[PDB]
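Shown next: start-v7.txt, given as compact mmCIF, C-alpha atoms and all ligand atoms.
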```txt
# COMPACT_ATOMS: atom_id res chain seq x y z
CA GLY A 1 -6.10 -17.69 33.80
CA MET A 2 -5.75 -16.06 30.41
CA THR A 3 -8.82 -14.68 28.69
CA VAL A 4 -7.54 -13.21 25.42
CA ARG A 5 -9.08 -9.85 24.46
CA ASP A 6 -10.30 -10.84 21.02
CA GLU A 7 -13.57 -10.01 19.22
CA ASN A 8 -15.58 -12.38 21.44
CA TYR A 9 -14.19 -10.92 24.63
CA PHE A 10 -15.37 -7.43 23.66
CA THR A 11 -18.89 -8.52 22.54
CA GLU A 12 -19.41 -10.54 25.70
CA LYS A 13 -18.15 -7.79 28.03
CA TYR A 14 -19.66 -4.65 26.45
CA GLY A 15 -22.38 -5.88 24.03
CA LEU A 16 -21.35 -3.71 21.09
CA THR A 17 -21.58 -4.91 17.51
CA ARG A 18 -18.77 -7.39 16.76
CA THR A 19 -15.38 -6.41 15.38
CA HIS A 20 -15.69 -6.22 11.59
CA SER A 21 -14.62 -9.50 9.94
CA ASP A 22 -12.33 -7.60 7.47
CA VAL A 23 -10.57 -5.89 10.37
CA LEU A 24 -9.99 -9.38 11.87
CA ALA A 25 -8.66 -10.63 8.51
CA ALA A 26 -6.50 -7.52 7.90
CA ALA A 27 -4.92 -7.93 11.34
CA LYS A 28 -3.52 -11.27 10.18
CA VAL A 29 -1.52 -9.52 7.46
CA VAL A 30 -0.85 -5.99 8.78
CA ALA A 31 1.90 -5.99 11.42
CA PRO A 32 1.00 -4.08 14.59
CA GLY A 33 1.82 -0.41 14.22
CA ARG A 34 0.49 3.13 14.28
CA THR A 35 -3.15 2.92 13.26
CA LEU A 36 -5.88 5.44 12.47
CA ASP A 37 -9.46 4.22 12.73
CA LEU A 38 -11.04 6.91 10.58
CA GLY A 39 -14.72 6.82 11.52
CA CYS A 40 -14.41 4.44 14.48
CA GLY A 41 -18.17 4.34 15.27
CA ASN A 42 -18.59 2.49 18.58
CA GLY A 43 -14.84 1.62 18.70
CA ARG A 44 -15.42 -2.09 18.11
CA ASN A 45 -12.42 -2.19 15.75
CA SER A 46 -10.24 0.23 17.73
CA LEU A 47 -10.73 -1.77 20.95
CA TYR A 48 -9.74 -5.02 19.24
CA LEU A 49 -6.68 -3.47 17.60
CA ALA A 50 -5.45 -1.64 20.68
CA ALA A 51 -5.84 -4.81 22.82
CA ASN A 52 -3.74 -6.66 20.25
CA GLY A 53 -0.64 -4.51 19.89
CA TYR A 54 -1.67 -1.67 17.60
CA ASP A 55 -1.19 1.96 18.63
CA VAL A 56 -4.63 3.33 17.83
CA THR A 57 -6.14 6.74 17.15
CA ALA A 58 -9.96 6.53 16.92
CA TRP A 59 -11.96 9.39 15.39
CA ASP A 60 -15.67 9.92 14.71
CA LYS A 61 -18.62 12.21 15.27
CA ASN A 62 -21.19 11.77 18.05
CA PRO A 63 -20.00 13.16 21.38
CA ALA A 64 -21.96 10.47 23.30
CA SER A 65 -20.47 7.57 21.37
CA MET A 66 -16.98 9.00 21.64
CA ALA A 67 -17.38 9.49 25.39
CA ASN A 68 -18.68 5.92 25.68
CA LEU A 69 -15.56 4.65 23.87
CA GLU A 70 -13.36 6.72 26.06
CA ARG A 71 -15.05 5.21 29.16
CA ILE A 72 -14.59 1.63 27.89
CA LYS A 73 -10.97 2.51 26.94
CA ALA A 74 -10.36 3.58 30.53
CA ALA A 75 -11.96 0.42 31.98
CA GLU A 76 -9.78 -1.70 29.67
CA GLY A 77 -6.64 0.30 30.53
CA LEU A 78 -5.90 0.85 26.85
CA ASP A 79 -3.39 3.66 27.12
CA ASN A 80 -2.46 2.97 23.46
CA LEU A 81 -5.94 4.05 22.28
CA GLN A 82 -6.49 7.81 21.76
CA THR A 83 -9.96 9.15 20.92
CA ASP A 84 -11.03 12.52 19.48
CA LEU A 85 -14.32 13.96 18.19
CA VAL A 86 -14.24 14.92 14.50
CA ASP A 87 -16.50 15.77 11.56
CA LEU A 88 -15.32 13.68 8.61
CA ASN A 89 -17.05 16.11 6.20
CA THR A 90 -14.78 19.02 7.28
CA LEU A 91 -11.69 17.27 8.69
CA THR A 92 -8.21 17.71 7.23
CA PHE A 93 -5.54 15.86 9.20
CA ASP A 94 -1.79 15.31 9.20
CA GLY A 95 0.24 12.38 10.50
CA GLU A 96 2.10 9.32 9.33
CA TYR A 97 0.42 5.98 9.92
CA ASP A 98 1.27 2.33 9.34
CA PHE A 99 -2.39 1.43 8.92
CA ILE A 100 -5.55 3.45 8.22
CA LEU A 101 -8.95 1.82 8.21
CA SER A 102 -12.39 3.11 7.25
CA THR A 103 -15.17 0.57 7.67
CA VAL A 104 -18.78 1.27 6.77
CA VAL A 105 -18.55 5.00 7.46
CA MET A 106 -18.35 6.66 4.03
CA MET A 107 -21.93 5.84 3.08
CA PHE A 108 -23.09 8.41 5.66
CA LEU A 109 -20.77 11.17 4.44
CA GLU A 110 -21.49 13.79 1.78
CA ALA A 111 -20.46 12.54 -1.64
CA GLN A 112 -18.15 15.56 -2.13
CA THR A 113 -16.19 14.70 1.05
CA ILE A 114 -14.93 11.35 -0.29
CA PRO A 115 -12.26 12.34 -2.86
CA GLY A 116 -10.46 14.63 -0.40
CA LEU A 117 -10.84 12.24 2.49
CA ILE A 118 -9.25 9.36 0.53
CA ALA A 119 -6.46 11.71 -0.66
CA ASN A 120 -5.87 12.56 2.99
CA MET A 121 -5.71 8.89 4.05
CA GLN A 122 -3.27 8.18 1.22
CA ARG A 123 -0.79 11.00 2.00
CA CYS A 124 -0.87 10.20 5.72
CA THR A 125 0.08 6.56 5.09
CA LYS A 126 3.75 5.65 5.33
CA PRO A 127 5.42 3.99 2.35
CA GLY A 128 4.74 0.27 2.88
CA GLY A 129 1.68 1.13 4.98
CA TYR A 130 -1.81 -0.20 4.46
CA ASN A 131 -5.25 1.26 3.89
CA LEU A 132 -8.37 -0.83 4.60
CA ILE A 133 -11.70 0.41 3.23
CA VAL A 134 -15.07 -1.31 3.50
CA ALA A 135 -17.86 0.66 1.86
CA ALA A 136 -21.26 0.44 0.30
CA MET A 137 -21.50 0.35 -3.48
CA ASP A 138 -24.27 1.21 -5.90
CA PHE A 139 -27.88 7.18 1.58
CA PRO A 140 -25.70 10.23 0.70
CA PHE A 141 -22.81 8.19 -0.81
CA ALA A 142 -21.97 4.88 -2.43
CA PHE A 143 -19.05 3.84 -4.64
CA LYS A 144 -19.62 2.80 -8.26
CA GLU A 145 -18.19 -0.48 -9.59
CA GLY A 146 -14.39 -0.18 -9.79
CA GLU A 147 -14.29 3.34 -8.29
CA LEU A 148 -12.54 2.46 -5.02
CA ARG A 149 -9.90 0.63 -7.03
CA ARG A 150 -9.34 3.61 -9.38
CA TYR A 151 -8.65 5.89 -6.40
CA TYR A 152 -5.87 3.50 -5.37
CA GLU A 153 -4.01 3.33 -8.71
CA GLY A 154 -0.30 2.87 -8.00
CA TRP A 155 -0.83 1.02 -4.68
CA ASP A 156 -0.40 -2.75 -4.38
CA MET A 157 -3.94 -4.03 -4.65
CA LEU A 158 -3.58 -6.87 -2.15
CA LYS A 159 -7.28 -7.62 -1.67
CA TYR A 160 -10.33 -6.20 -3.45
CA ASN A 161 -13.79 -7.73 -3.18
CA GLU A 162 -17.10 -6.34 -4.47
CA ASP A 163 -19.57 -8.70 -2.89
CA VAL A 164 -22.98 -8.69 -1.10
CA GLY A 165 -22.92 -8.10 2.68
CA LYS A 166 -29.20 -6.11 1.08
CA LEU A 167 -26.33 -3.99 -0.17
CA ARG A 168 -23.09 -4.64 -2.09
CA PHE A 169 -19.93 -3.61 -0.31
CA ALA A 170 -16.48 -3.01 -1.71
CA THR A 171 -13.73 -4.34 0.51
CA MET A 172 -10.17 -3.24 -0.23
CA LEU A 173 -6.80 -3.79 1.39
CA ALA A 174 -4.09 -1.83 -0.40
CA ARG A 175 -0.44 -1.32 0.41
CA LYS A 176 1.49 1.84 -0.43
CA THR A 177 4.61 1.30 -2.46
CA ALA A 178 8.00 1.88 -0.84
CL CL B 201 -19.81 2.70 3.58
```

Produce structure tokens that represent the structure in this file.
Amino acid sequence: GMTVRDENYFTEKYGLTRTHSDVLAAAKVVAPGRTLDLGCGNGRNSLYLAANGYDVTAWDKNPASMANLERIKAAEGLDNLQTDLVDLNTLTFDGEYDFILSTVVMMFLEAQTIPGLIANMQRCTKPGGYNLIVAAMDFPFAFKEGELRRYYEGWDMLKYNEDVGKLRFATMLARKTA
């Protein structure tokens, strides 16, 4: 009968790279809610979240990839998954989200984009909301030791790892104060 639409369901059915392990772990602590996948890539994370109760908005560049996600979305009947084409280097957005995630996307953005993009994620997060960031540390951009954490001064620093994953990645789960 039941085949639950978890990370293994999506890899078996569509053959995309597996849902990020930090998105899987975050989902155990972040209650389903209004979620922005900011730089959704192939939609691996957006598909998982939308199939598991989150109301997802998935944005990235690449018209082909976004159309591919939209086609899988339609096959999976995920009416709670909205997709749009964006350029993260020029995007300014509005909105109020329970959860914003950015996983392995910033390293491909211009270094000058990052401060404004993080400011934008922060102001569009509801009080008590969560931001998840997974990002390379030290081609066009990489965070320096402690930098991701400094951007999030004043938020509850729930989880923050700077560990190998051949590149070091900073993984952060922060919650906005209420
Ligand atoms: Cl990154």

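For ligand CL 201 (chain B), the neighbouring polymer residues at 9 Å or closer are residues 102, 103, 104, 105, 106, 107, 108, 109, 133, 134, 135, 136, 137, 141, 142, 143, 169 and 170 of chain A, all atoms listed in the file being used.
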
From the list A:36, A:2, A:66, A:26, which residue is nearest residue 86 (chain A) when using only C-alpha atoms?
A:66

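Considering the residues A:175, A:69, A:23, A:146 and counting all atoms listed in the file, residue 161 (chain A) has its shortest atom-to-atom contact with A:146.
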
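The spacing separating CA of residue 38 (chain A) from CA of residue 13 (chain A) amounts to 23.9 Å.
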
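Among the candidates A:148, A:91, A:85, A:47, the residue lying nearest to residue 16 (chain A) is A:47 (atoms considered: all atoms listed in the file).
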
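Between residue 79 (chain A) and the candidates A:65, A:21, A:57, A:3, the tightest atom-to-atom separation, counting all atoms listed in the file, involves A:57.
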
Would you list the residues near (-0.4, 2.1, 20.6) (no more than 10 Å away, in the coordinates of the file, using all atoms listed in the file) as an mmCIF file with C-alpha atoms, in the frame of the given file?
```cif
data_model
loop_
_atom_site.group_PDB
_atom_site.id
_atom_site.type_symbol
_atom_site.label_atom_id
_atom_site.label_comp_id
_atom_site.auth_asym_id
_atom_site.auth_seq_id
_atom_site.Cartn_x
_atom_site.Cartn_y
_atom_site.Cartn_z
ATOM 1 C CA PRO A 32 1.000 -4.080 14.590
ATOM 2 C CA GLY A 33 1.820 -0.410 14.220
ATOM 3 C CA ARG A 34 0.490 3.130 14.280
ATOM 4 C CA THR A 35 -3.150 2.920 13.260
ATOM 5 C CA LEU A 49 -6.680 -3.470 17.600
ATOM 6 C CA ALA A 50 -5.450 -1.640 20.680
ATOM 7 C CA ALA A 51 -5.840 -4.810 22.820
ATOM 8 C CA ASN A 52 -3.740 -6.660 20.250
ATOM 9 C CA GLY A 53 -0.640 -4.510 19.890
ATOM 10 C CA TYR A 54 -1.670 -1.670 17.600
ATOM 11 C CA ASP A 55 -1.190 1.960 18.630
ATOM 12 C CA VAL A 56 -4.630 3.330 17.830
ATOM 13 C CA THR A 57 -6.140 6.740 17.150
ATOM 14 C CA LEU A 78 -5.900 0.850 26.850
ATOM 15 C CA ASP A 79 -3.390 3.660 27.120
ATOM 16 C CA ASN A 80 -2.460 2.970 23.460
ATOM 17 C CA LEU A 81 -5.940 4.050 22.280
ATOM 18 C CA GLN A 82 -6.490 7.810 21.760
#
```
